[PDB]
Amino acid sequence: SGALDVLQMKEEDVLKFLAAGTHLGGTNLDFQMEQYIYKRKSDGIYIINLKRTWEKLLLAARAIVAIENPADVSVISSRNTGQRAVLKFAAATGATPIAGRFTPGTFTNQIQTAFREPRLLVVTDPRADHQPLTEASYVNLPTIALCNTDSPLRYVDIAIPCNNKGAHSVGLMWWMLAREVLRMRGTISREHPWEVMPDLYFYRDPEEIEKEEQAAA
Amino acid sequence: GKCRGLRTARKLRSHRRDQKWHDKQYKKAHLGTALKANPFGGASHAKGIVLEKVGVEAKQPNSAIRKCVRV
Amino acid sequence: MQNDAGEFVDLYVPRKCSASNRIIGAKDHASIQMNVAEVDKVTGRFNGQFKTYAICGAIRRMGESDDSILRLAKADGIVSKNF
Amino acid sequence: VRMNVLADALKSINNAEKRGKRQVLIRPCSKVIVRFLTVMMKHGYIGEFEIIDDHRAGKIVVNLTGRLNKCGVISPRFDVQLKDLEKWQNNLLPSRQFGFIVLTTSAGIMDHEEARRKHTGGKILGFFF
Amino acid sequence: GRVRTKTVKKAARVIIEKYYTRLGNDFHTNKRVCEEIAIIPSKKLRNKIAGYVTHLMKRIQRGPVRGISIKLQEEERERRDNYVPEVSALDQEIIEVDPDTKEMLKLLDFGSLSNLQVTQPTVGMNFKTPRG
Amino acid sequence: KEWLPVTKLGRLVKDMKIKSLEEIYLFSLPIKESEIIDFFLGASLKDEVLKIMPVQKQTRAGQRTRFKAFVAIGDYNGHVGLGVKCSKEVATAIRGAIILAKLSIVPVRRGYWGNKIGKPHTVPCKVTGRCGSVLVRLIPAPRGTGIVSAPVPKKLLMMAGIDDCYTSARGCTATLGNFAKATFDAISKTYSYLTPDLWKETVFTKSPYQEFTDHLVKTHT
Amino acid sequence: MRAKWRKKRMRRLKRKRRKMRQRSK
Amino acid sequence: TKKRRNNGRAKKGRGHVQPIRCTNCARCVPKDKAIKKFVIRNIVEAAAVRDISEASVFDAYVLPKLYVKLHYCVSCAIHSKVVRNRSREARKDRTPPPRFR
RNA sequence: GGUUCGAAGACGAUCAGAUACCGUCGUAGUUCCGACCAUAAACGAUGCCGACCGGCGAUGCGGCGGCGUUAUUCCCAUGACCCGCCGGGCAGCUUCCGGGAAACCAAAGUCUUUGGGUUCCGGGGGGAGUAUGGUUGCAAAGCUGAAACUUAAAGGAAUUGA
């Protein structure tokens with residue numbers, strides 16, 4: 001994860017976190033997350049720490065490298081912000097996504113024919129994605145979650161600090177992980193800048209399709 | 001126990017005596033009124049001169065005249 | 001778990017939490033096992049080995065599940081010192 | 001008023017074990033409680049600790065190993081015999097395999113396993129299993 | 001009270017889903033396109049089904065119908081899933097940074113950036129809206 | 001007549017691989033199948049019925065009756081159950097309480113009163129168990145005493161394996177359901193009571209999902 | 001019989017008797 | 001058996017409060033316990049905001065509102081259906097009903 | 001000292017009958033100054049002093065730190081608005097700290113893992129706060145306060161129905 005200038009944060013990964021707006025946190029605060037916070041602005045916005053982004057982007061991407069079968073990874077977003085960020089992710093690591101609407105009693109219930117049984121849960125937001133995680137109790141499920149300063153920490157085993165509500169911010173955190181797992185396997189080089197573009201993983205609003213199809217000519 | 005001191009020993013012991021007189025199967029025991037009332041006076045059997053035969057009715061649900069004596 | 005004569009009598013040794021020293025019971029589901037991968041110091045790739053851990057069911061819903069793995073990580077040199 | 005010190009401290013550490021702090025600060029400190037503490041850290045039910053001499057009475061910062069279900073005290077300190085120590089232990093420690101009863105003898109504050117070797121009864125302070 | 005039971009709409013979306021090509025708007029023609037292929041044991045039940053069809057065939061001409069996929073707008077759904085822009089949203093030269101975000105990055109090695117247009121936060125720390 | 005196992009841990013068992021459910025107990029993985037438990041202990045297992053209880057629910061035309069089967073089980077050597085089920089006839093209720101128990105079996109500890117020379121014979125320390133408002137307690141006790149208690153929590157222990165033990169009790173014992181529930185939980189609390197024979201640390205082994213991962217990609221979806 | 005209106009009734013048939021037991025002095 | 005936490009009345013620093021006469025009945029009710037309302041109302045409501053404006057004196061005029069403060073006992077409230085009974089969690093909602101039109 | 005109200009009373013309506021609701025009057029009383037009386041669901045139906053065990057959004061009193069508007073213009077500091085820090089106060093919200101028979105309680109928690117110090121008090125229902133004696137008062141009444149006899153249920157919190 002660190003000490004090693006073979007896994008370290010690059011000059012080519014500072015002007016993507018700033019340009020999207022992932023460091024820009026909130027006003028309210030839960031008592032657990034004050035060890036990922038630098039200092040408050042005069043305006044009312046919590047600036048999230050950026051060394052503790054990289055040192056906690058690779059540990060999580062250290063568990064997914066320690067996971068044995070590509071299938072078992074249950075990736076989720078209910079919310080419509082990053083549902084093109086959990087499906088293209090599946091089109092790089094070979095996970096099993098469930099985007100849009102969780103059918104409760106998925107993990108817990110046998111007799112159904114939607115019957116799942118993963119070994120890791122990578123969920124885009126604990127607060128919204130509530131029903132996922134309580135199920136992560138009744139069967140034992142080492143959990144990951146892209147949390148914020150706001151949310152409570154019920155059934156999660158790592159807390160990655162970032163602004164996870166925006167259009168530029170959710171889909172940018174779903175490429176590095178997939179980058180930094182694929183680099184940790186040897187399928188993309190640490191050398192060649194990775195051929196895929198970061199805008200492949202942001203979800204498309206129905207208001208900028210009327211901008212893009214209608215203005216091409 | 002509630003008054004936990006090391007030299008209380010009497011405070012503790014004036015309170016239970018006081019108390020046990022509230023106990024029924026005891027006060028019924030520790031006053032002279034139980035044996036003043038009682039026909040046998042304090043005893044397991046005691047003989048007597050009959051004087052008339054008498055039928056007593058029974059109480060409800062049940063009914064049937066019950067055959068008694070007056071001694 | 002013996003008599004005098006040293007022979008191991010009790011039918012299974014349970015797990016124990018790597019965080020707090022509380023034994024992880026048999027009908028305790030919000031348990032966890034989590035392996036974490038190691039990575040070659042010059043190559044930046046998987047070595048073929050990990051650094052396992054565990055967390056019990058009483059600690060997760062209490063709130064302190066994401067500040068016990070970092071107190072166990074850090075100390076085995078996975079994560080750097082200053083953080 | 002704080003009529004009796006020990007039992008401030010002894011619940012405190014227990015209530016920092018149920019919850020589970022890495023260490024516990026316990027406020028006004030004595031030569032019975034630091035003493036008791038060393039008897040515990042002689043059988044492994046806690047680890048090493050530091051006392052903080054502020055010119056009043058000390059504070060103490062123990063480090064709590066999670067090998068500690070409950071600590072407790074007895075009050076008042078009754079007067080025990082060598083003929084009358086079975087029927088504490090036999091009603092105050094859990095098992096015949098583990099448990100300890102600290103008391104105070106003329107020849108020192110110590111555990112009930114040792115006061116049967118030195119053949120000395122005396123008072124009683126608390127227990128730990 | 002003309003509302004149709006689940007026997008109808010079950011067998012309508014299951015007849016639009018596969019044969020969207022053959023079918024259409026006319027009631028009197030899909031009255032035959034519903035009968036050639038299927039098994040339907042009543043002429044009244046035959047007519048209920050074959051006209052909700054026409055009720056449902058005019059709703060593919062405006063928006064995406066919920067309980068049913070088709071091969072024409074399911075490729076054009078995924079058209080946008082396979083979109084990539086030409087100039088990226090994040091790789092920008094003139095980026096904005098505050099005098100607290102300037103002093104936290106400089107604590108790390110990134111301490112003399114040539115493309116940080118260092119700015120200021122608006123003076124006065126009132127933000128909240130009143131109560132009632 | 002086939003056993004067609006659905007889950008990932010049950011398909012493994014059905015292939016004769018994961019050997020001796022002490023291995024599943026270690027990993028705390030939740031059993032929701034019947035035959036696993038039938039497959040490991042089986043003919044070593046003996047059931048009973050302690051009480052069938054009726055209950056009702058006032059409707060507008062009379063009322064609906066039903067019957068309630070609490071059922072005991074567990075080998076004369078270290079594991080037991082205590083399931084319950086409610087249905088509209090009795091041998092439905094019986095059958096489907098047997099199965100629901102076998103589900104929640106648990107493996108009992110046991111130890112020595114005093115001296116150590118032979119075998120383990122009682123509840124290794126003073127443990128208490130409750131449900132509702134019946135508080136059972138299980139005090140350790142010397143050889144050939146026997147089980148000193150009431151009919152209910154005698155007919156768990158006897159089987160359990162715990163051979164000699166002094167009890168206590170509280171509360172409304174007539175509310176059998178609770179009692180029988182109160183002493184089971186209790187024995188559930190032998191393997192979660194930490195002594196200094198278990199202060200020696202944990203050395204981790206491997207879950208059955210991780211080692212059997214290439215075999216399960218080829219045998220069931 | 002409500003409580004308060006019973007405790008009138010003990011209170012009215014005690015105050016009569018205090019007339020009675022007076023006269024016999 | 002207990003049903004409300006704050007027992008029918010806002011009072012936690014006092015012991016005794018001052019009484020107020022119910023304006024439908026005339027019952028004494030504890031200031032805090034009461035149901036209160038406030039009414040602001042032009043002397044023309046909807047129908048009579050038309051006849052006067054064409055046969056009036058002043059070039060551009062405004063009429064006065066009529067301000068009352070009401071006070072209800074509990075059953076005076078309930079009879080006149082200013083307020084309902086409510087379900088057990090529902091109860092809680094001190095969030096007042098929405099006044100848009 | 002007697003405006004209003006208003007136990008007792010007089011009428012009018014009401015009803016099978018109403019010495020009850022409503023309606024018209026109206027005494028004792030309602031209000032002051034003096035001395036008695038000592039009880040109320042006198043309530044949080046919840047002893048006082050002590051330690052300890054979570055998270056937040058308000059609020060009142062006192063003290064301290066800090067951008068910027070506004071007032072006295074001439075600014076020194078005092079008032080008014082703005083974001084925290086600490087102490088004592090009345091309440092809230094959130095939650096697998098924990099408890100309980102549940103409702104529910106950050107106390108009603110730290111209780112078969114049963115001991116921080118100390119004061120009042122209950123021991124199945126009625127009979128019965130009765131009789132009696134002693135006590136206190138002008139009086140009504142207040143503090144203390146039994147027995148013979150009488151009976152397998154009173155009762156609590158929650159379910160479904162009607």
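Residues numbered from 1 in each chain as written, not as in the entry; some residues may be left out. Chains lettered and ligands numbered in written order. Part of a larger assembly, values for the part shown. Heavy atoms only, no water. Residues with missing side-chain atoms left out of burial classes, pairs and counts.

Method of determination, as annotated in the archive: cryo-EM, at 3.2 Å resolution.

A. Quick look at the overall build of chain D. Scanning chain D from N- to C-terminus turns up three helices and seven strands. In chain D, the succession of helices and strands from N to C terminus is α-β-α-β-β-β-α-β-β-β. The globule rule puts the C-alpha radius of gyration for 129 residues at 14 Å, and the 15 Å found for chain D is close to it. Counting only C-alpha atoms, chain D reaches 40 × 30 × 25 Å along its principal axes. Contacts in chain D between residues at least 24 apart in sequence constitute 59% of all its contacts with a sequence separation of at least 6. For chain D, the distance from the average site of its 22 positive side-chain charges to the average site of its 12 negative ones is 4 Å. (Helix = DSSP H or I, 4+ residues; strand = E, 2+ residues; numbered from the N terminus. Rg over C-alpha atoms; globule rule 2.2 N^0.38 Å. Contact = heavy atoms within 4.5 Å. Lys, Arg positive; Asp, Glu negative; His and termini not counted. Charge placed at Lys NZ, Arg CZ, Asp CG, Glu CD.)

B. Representation of the UniProt feature "binding site: Zn(2+)" in chain H within the structure. Residues and elements named next belong to chain H. Per the UniProt annotation, the sites labelled "binding site: Zn(2+)" are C22, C25, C73 and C76. In sequence the annotated residues extend across 55 residues, while in space they remain close, none of their C-alpha pairs exceeding 8.0 Å. Positionally, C22 belongs in the loop between β1 (19-21) and β2 (28-30). When its relative accessible area of 2% is taken as the criterion, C22 is described as buried. Those residues in contact with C22 that lie beyond four places of it in its chain are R27, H71, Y72, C73 and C76. Those residues in contact with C73 that lie beyond four places of it in its chain are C22, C25, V29 and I35. (UniProt positions renumbered as here; feature names shortened; annotations may be inferred. Buried < 20%, exposed > 50% of the residue type's maximum accessible area, 1.4 Å probe, protein only.)

C. Broad picture of the protein's contact with RNA strand I. In the vicinity of RNA strand I there are 67 residues, among which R154 of chain A, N15, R19 and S75 of chain D together with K12 of chain H approach most closely. Among the atoms of RNA strand I close to the protein, meaning within 4 Å, 81% are from sugar or phosphate groups. Residue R154 of chain A places a side-chain N or O atom 2.7 Å away from a phosphate oxygen belonging to RNA strand I. Note that a phosphate oxygen of RNA strand I is positioned 2.8 Å from one of the side-chain N or O atoms of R137 of chain F. Contributing elements (two or more residues each) for the surface near RNA strand I: α1 (11-20), α2 (24-30) and α3 (33-37) of chain B, α1 (6-18) of chain D, β1 (48-58) and β5 (127-130) of chain F together with α1 (9-15) and α2 (17-23) of chain G. Residue classes in the surface near RNA strand I are distributed as 14 nonpolar, 19 polar and 34 charged. (Near = heavy atom within 4 Å. Polar contact = N/O pair within 3.5 Å; in protein donor to acceptor, adjacent residues only side chain to side chain. Nonpolar A, V, L, I, M, F, W, Y, C, P; charged D, E, K, R; others polar.)

D. Molecular detail of the domain arrangement of chain D. All names here are of chain D. As far as domains go, chain D holds domain 1 (1-68) and domain 2 (69-129). Each of domain 1 and domain 2 has a C-alpha centre, and these two points are 19 Å apart. Each partner contributes to the interface: domain 1 provides 16 residues, whereas domain 2 provides 16 residues. Both sides of the domain 1 and domain 2 interface together cover about 1400 Å² of buried area, and 71% of this is carbon and sulfur. Joining domain 1 to domain 2, the criterion identifies zero salt bridges. In this structure, the connection of domain 1 to domain 2 is made through one residue pair in polar contact. Mapped by element, the contributors of at least two residues to the side of domain 1 that touches domain 2 are α1 and α2 (33-40). Ranked by residues supplied to the side of domain 1 that touches domain 2, first place goes to α1 with five residues. (Domains from an automatic or database assignment. Buried area = accessible area lost by both parts, 1.4 Å probe. Salt bridge = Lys/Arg side-chain N within 4 Å of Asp/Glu carboxyl O.)

E. Up close: the pattern of salt bridges. Residues and elements named next belong to chain A. Tallying each qualifying case throughout the model produces 24 salt bridges over all chains. Between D13 and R179 there is a salt bridge whose closest N-O contact spans 2.7 Å. Of this pair, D13 sits in the segment before α1 (17-20) while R179 sits in helix α6 (residues 170-185), and the two are 166 residues apart along the sequence. Summarising the burial analysis for this pair, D13 and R179 share the class buried. Linking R190 and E180 is a salt bridge whose minimum nitrogen-to-oxygen distance equals 3.0 Å. With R190 in the loop between α6 and α7 (209-215) and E180 in helix α6, this residue pair connects regions lying ten residues apart in the sequence. Each of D13, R179, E180 and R190 takes part in a single network of salt bridges with overlapping partners.

F. Fine view of the interface of chain F and chain A. Contacts between chain F and chain A engage 13 residues on the former and eleven residues on the latter. Of the roughly 1000 Å² buried at the junction of chain F and chain A (both faces included), carbon and sulfur atoms supply 48%. It is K32, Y209 and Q210 of chain F that lose the most area in chain F upon contact with chain A, and together they represent 42% of the buried surface on that side. At the junction of chain F with chain A, the criterion picks out zero salt bridges.

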